[PDB]
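Chains as they are written, first to last, in PDB author numbering: chain B, 98 to 145; chain C, 915 to 962. Below is one structure, written out as structure tokens; the observations come after it.
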Amino acid sequence: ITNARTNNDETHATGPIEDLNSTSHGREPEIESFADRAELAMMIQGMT
Amino acid sequence: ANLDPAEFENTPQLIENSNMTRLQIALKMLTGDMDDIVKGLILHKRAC
């Protein structure tokens, strides 16, 4: 067993998928989303 | 009684009776409506 106080990346789970149920691969990217920012701060305005 | 002279039967008067009035005044003042701390609130989003 070894440790790592690391939270800025993964760099610890690597490998090739071998089946749509494979559970030990690397990491693939995700949908490129956007800002969608709406805070909750006592009379914020529209920005529609 | 009558060995302990008259006023050892209890906690002794420390603050003078005059100053006690000034104490009471400041207390009643600063604990009255001029207080500020308030408890509780509710989060809910509305456009009212």
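Ideal placement from N, C-alpha and C gives every residue a C-beta, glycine not left out.
Along the alpha helix (DSSP H) that carries residue i, what are the first and last residues, could you check?
{"i": "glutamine 142 (chain B)", "result": "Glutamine 142 (chain B) -> no alpha helix (DSSP H), and no H or E assigned at all."}
{"i": "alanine 940 (chain C)", "result": "931-944"}
How big is the Cα-Cα spacing for residue i and residue j?
{"i": "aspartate 950 (chain C)", "j": "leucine 944 (chain C)", "result": "10 Å"}
{"i": "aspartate 918 (chain C)", "j": "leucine 955 (chain C)", "result": "57 Å"}
The segment 131-144 of chain B / the segment 922-936 of chain C touching (three or more Cβ pairs under 8 Å): No: fewer than three Cβ pairs fall under 8 Å.
The segment 123-130 of chain B in contact with the segment 102-115 of chain B per 3-pair CB rule at 8 Å: yes
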